[PDB]
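Asks:
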Amino acid sequence: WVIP
Amino acid sequence: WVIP
Amino acid sequence: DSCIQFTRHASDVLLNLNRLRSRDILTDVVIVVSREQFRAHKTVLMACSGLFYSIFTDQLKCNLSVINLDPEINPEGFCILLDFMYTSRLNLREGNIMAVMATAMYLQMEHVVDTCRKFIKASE
Amino acid sequence: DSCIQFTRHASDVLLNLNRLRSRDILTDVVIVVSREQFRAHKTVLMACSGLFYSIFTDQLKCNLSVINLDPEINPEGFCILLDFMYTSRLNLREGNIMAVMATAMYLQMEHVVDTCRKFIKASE
Ligand SMILES: O=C1Cc2cc(Nc3ncncc3Cl)ccc2N1
Ligand SMILES: O=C1Cc2cc(Nc3ncncc3Cl)ccc2N1
Ligand SMILES: [Cl-]
Ligand SMILES: [Cl-]
């Protein structure tokens, strides 16, 4: 999971 | 395009 | 093999499937949650959820145009997860995390359940 | 927004759609090429091809279970492009590049047409  |  | 690969292909496909959903193009099922209705594509639901995969591979249920979810399922939690299925983006907030995790457990969306568990553990 | 994003989501969706294609699950159309038949999902074909997008948004053709391609279309070129749609992998070879480019132009798959043009220009 990432900060888009 | 890339070499997978 | 000796194939070449287009890096952005999978993302472009998903973006187009979401554009079809927005315009209600070729949607083939209605998901009913606490009298809130959500139109979607069976194949996308199956590709994202162990529950929908099981439902639409069943010889009788594969032909249903309406699926009713368990009354304990929260429509907002479902809406957030449906958006995630079509975009890879999850709108996870302090105010919705419990409903989102409960919905992801029911839908069998293991990666969503994993990040909800981690976000809850960080707040304790 | 304040969304989080699962990097591998789009790729995982496409991999599952290809698994459904392999097992012939929820395929809703047959594409006929020079008496060679290919089963697929209309939504995936639309998400990948400007031609199929135009075909399945047409009020009469959206309801067809069989689509016949132009007789000049090569079945192998189509097969390679159908595989690309479902995998992001293109089996481009000296022996098939002309058929693949001609098929991609007809199907309106601009990124495939682009790499074929570049690979042909490198060999001249
Ligand atoms: O967490 C998850 C996400 C998910 C998706 C599916 N889908 C499929 N699996 C295998 N072949 C085809 C399909 Cl469509 C099954 C189980 C789970 N569990
Ligand atoms: O090269 C290409 C690839 C491609 C895909 C599509 N598909 C869609 N476009 C917009 N909204 C939904 C969909 Cl399904 C249209 C044109 C082209 N041209
Ligand atoms: Cl997931
Ligand atoms: Cl393309």
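Respectively, the protein sequence lines represent chains V, Z, F and W. Taking our numbering, the leading residue of the first sequence gets 1043, the next gets one more, and so forth. Taking our numbering, the leading residue of the second sequence gets 1043, the next gets one more, and so forth. Taking our numbering, the leading residue of the third sequence gets 560, the next gets one more, and so forth. Taking our numbering, the leading residue of the fourth sequence gets 560, the next gets one more, and so forth. For every residue, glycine included, the Cβ atom is placed at its ideal position computed from N, Cα and C.
What's the C-alpha gap between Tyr665 of chain W and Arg582 of chain F?
Replies: Counting from 1 along the fourth sequence, the entry for residue 665 of chain W is found at position 106. Counting from 1 along the third sequence, the entry for residue 582 of chain F is found at position 23. When rounded, the distance between both Cα atoms is 25 Å.
Asks: With distances taken from CA atoms, which of W:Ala661, W:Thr566 and W:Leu579 is nearest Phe637 of chain W?
Replies: The count along the fourth sequence starts at 1 and reaches residue 637 of chain W at position 78. It is W:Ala661 whose Cα lies nearest to the Cα of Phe637 of chain W.
Asks: Looking at ligand 2, does it come within less than 8 Å of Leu576 of chain W, judged from the CB to the closest heavy atom?
Replies: As a first step, residue 576 of chain W must be located in the fourth sequence, where it is residue number 17. Outside the cutoff, so no.
Asks: Quick one: does the C-beta of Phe565 of chain F sit closer than 8 Å to a heavy atom of ligand 4?
Replies: For the purposes of this step, residue 565 of chain F is identified with residue 6 of the third sequence, where counting begins at 1. The answer is yes for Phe565 of chain F.
Asks: Are any of the Cβ atoms in chain V nearer than 9 Å to that of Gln618 of chain W?
Replies: Counted from its first residue, the fourth sequence places residue 618 of chain W at position 59. No, no contact with chain V.
Asks: The beta strand (DSSP E) spanning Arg676 of chain W covers which residue range?
Replies: Translated into positions along the fourth sequence, residue 676 of chain W becomes position 117. Premise fails: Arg676 of chain W lies in the alpha helix (DSSP H), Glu669 to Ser682, not in any beta strand (DSSP E).
Asks: Between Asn655 of chain F and chain W, is any beta-carbon pair separated by less than 9 Å?
Replies: On the third sequence, position 96 is the one that residue 655 of chain F refers to. By this cut-off, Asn655 of chain F is not an interface position.
Asks: Identify which residue in W:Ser647, W:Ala681, W:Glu683 and W:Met668 has its Cα closest to the Cα of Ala569 of chain F.
Replies: Your numbering for residue 569 of chain F matches position 10 in the third sequence. Nearest option by C-alpha distance: W:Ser647.
Asks: Using beta carbons (cut-off 9 Å, strictly below), is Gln596 of chain W in contact with chain F?
Replies: Here the question's residue 596 of chain W lines up with position 37 in the fourth sequence. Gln596 of chain W does not count as touching chain F.
Asks: In the segment 609–662 of chain W, which residue ranges form an unbroken beta strand (DSSP E) of at least 3 residues, counting only runs that do not cross its ends?
Replies: 625–627
Asks: Kindly indicate which three-state DSSP category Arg582 of chain F falls into: helix, strand or coil?
Replies: Along the third sequence, one-based indexing puts residue 582 of chain F at 23. Of the three classes helix, strand and coil, the one that applies to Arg582 of chain F here is coil, per DSSP.
Asks: So with CB distances below 9 Å, who are the chain W contacts of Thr674 of chain F?
Replies: As a first step, residue 674 of chain F must be located in the third sequence, where it is residue number 115. In chain order: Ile563 and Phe565.
Asks: Across which residues does DSSP place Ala599 of chain W in a beta bridge pair?
Replies: Residue 599 of chain W sits at position 40 when you count from the first residue of the fourth sequence. Under DSSP, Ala599 of chain W takes part in a beta bridge, and its partners are W:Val588.
Asks: Taking 8 Å as the line, does the beta carbon of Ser608 of chain W fall inside it for any heavy atom of ligand 2?
Replies: For the purposes of this step, residue 608 of chain W is identified with residue 49 of the fourth sequence, where counting begins at 1. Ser608 of chain W: yes, Cβ under 8 Å from ligand 2.
Asks: Roughly how many angstroms lie between the CA atoms of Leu604 of chain F and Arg578 of chain W, to the nearest whole one?
Replies: Reading the third sequence from its first residue, position 45 is the one you call residue 604 of chain F. Reading the fourth sequence from its first residue, position 19 is the one you call residue 578 of chain W. Approximately 14 Å between the Cα atoms of the pair.
Asks: Considering only heavy atoms of ligand 4, does any lie closer than 8 Å to the CB of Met664 of chain W?
Replies: What you label residue 664 of chain W is simply residue 105 of the fourth sequence in a count that begins at 1. Answer for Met664 of chain W: no, Cβ out of range of ligand 4.
Asks: Is the CB of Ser570 of chain W under 9 Å away from at least one CB in chain F?
Replies: On the fourth sequence, position 11 is the one that residue 570 of chain W refers to. Chain F, which has a Cβ nearer than 9 Å to the Cβ of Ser570 of chain W, makes this yes.
Asks: Check whether the segment 590–603 of chain F touches the segment 589–597 of chain W, counting contact only when three or more Cβ pairs, one atom from each stretch, lie closer than 8 Å.
Replies: no
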